[PDB]
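Heads up, the thing below is written out as structure tokens.
In PDB author numbering, the protein residues as written are -2 to 64, 68 to 230.
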């Protein structure tokens, strides 16, 4: 399929990645830079993020979703449902509202696209209505991350997709902070895109620290595999 071919030819090997985020949560301003690489053959991403403005005013785990679904491994039987690669190289827009149960919300807008051989994720994040002493602004969230399925459906009328899912972040008292994600993606280009049957992406995410890094940062390892269309 010459369409399926165009995304294979873009993602076949290891692709360098750059991430840039500008944040404002309750007027707490911050900037994060990320670098690393994806290998969609293995559904694999390796990234390191640095808060370049000092202390990150929110927990790192709250940002993991915001900080690359074009790097999903879609099994061979499922290549015709891979919207994300299909939008490339022109890229797509990923928008979210993320409602933290009993606390504030994030509204995110991202542009995911190639800048030459580099896959780039440019993000703006605005957070509003947080409790200065809640789980988020009071940094009560554990530095860890659970596995989660993410459910994709077409949004035919917008030539794109909608994605809905919940993340439960562990609190340090042993309870969980719910983070209910609503998402929409739309291609940046005017060309055809692959619009998927309902399926899901399975995520595993491991958070770590770079022993020689003094800035406030996060090392993120993610594996992402499409499923749910046998």
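All C-beta atoms in this analysis are idealised placements derived from N, C-alpha and C, irrespective of residue type, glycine included.
Delimiting residues of the beta strand (DSSP E) encompassing residue i
{"i": "residue 137", "result": "Neither: residue 137 is in no beta strand (DSSP E) and is coded neither H nor E."}
{"i": "residue 126", "result": "118 to 128"}
{"i": "residue 71", "result": "Looking at the DSSP string, residue 71 is not in any beta strand (DSSP E), and its letter there is neither H nor E."}
{"i": "residue 175", "result": "Note, residue 175: premise wrong, no beta strand (DSSP E); not H, not E."}
{"i": "residue 85", "result": "Segment 83 to 86 is the alpha helix (DSSP H) holding residue 85; no beta strand (DSSP E) there."}
Where residue i sits in the DSSP three-state scheme
{"i": "residue 145", "result": "coil"}
{"i": "residue 13", "result": "strand"}
C-alpha distance - residue i paired with residue j, whole-angstrom precision
{"i": "residue 195", "j": "residue 30", "result": "31 Å"}
{"i": "residue 129", "j": "residue 168", "result": "19 Å"}
{"i": "residue 52", "j": "residue 210", "result": "16 Å"}
{"i": "residue 204", "j": "residue 120", "result": "22 Å"}
Contact belief for residue i with residue j at Cβ below 8 Å, rounded distance in angstroms
{"i": "residue 141", "j": "residue 149", "result": "That belief does not hold up - the Cβ atoms of residue 141 and residue 149 are roughly 21 Å apart, past 8 Å."}
{"i": "residue 106", "j": "residue 127", "result": "5 Å"}
{"i": "residue 159", "j": "residue 193", "result": "7 Å"}
{"i": "residue 166", "j": "residue 179", "result": "7 Å"}
{"i": "residue 152", "j": "residue 199", "result": "6 Å"}
Same chain only: Cβ atoms within 8 Å of residue i, ignoring 5 sequence neighbours per side
{"i": "residue 225", "result": "40, 72, 73, 75, 201, 202"}
{"i": "residue 115", "result": "15"}
Residues near residue i by beta carbon distance below 6 Å, same chain, minus five either side
{"i": "residue 69", "result": "84"}
{"i": "residue 79", "result": "1"}
{"i": "residue 20", "result": "27, 125"}
Span of the alpha helix (DSSP H), counted from its first residue to its last, around residue i
{"i": "residue 4", "result": "-1 to 8"}
Closer than 7 Å: residue i CB and nearest the ligand SAH heavy atom
{"i": "residue 113", "result": "For the structure depicted, the ligand SAH is absent and the ligand set is empty, with no information on it obtainable."}
Chain-order list of residues whose beta-carbon lies under 7 Å from that of residue i (same chain, five-residue window excluded)
{"i": "residue 182", "result": "96, 97, 164"}
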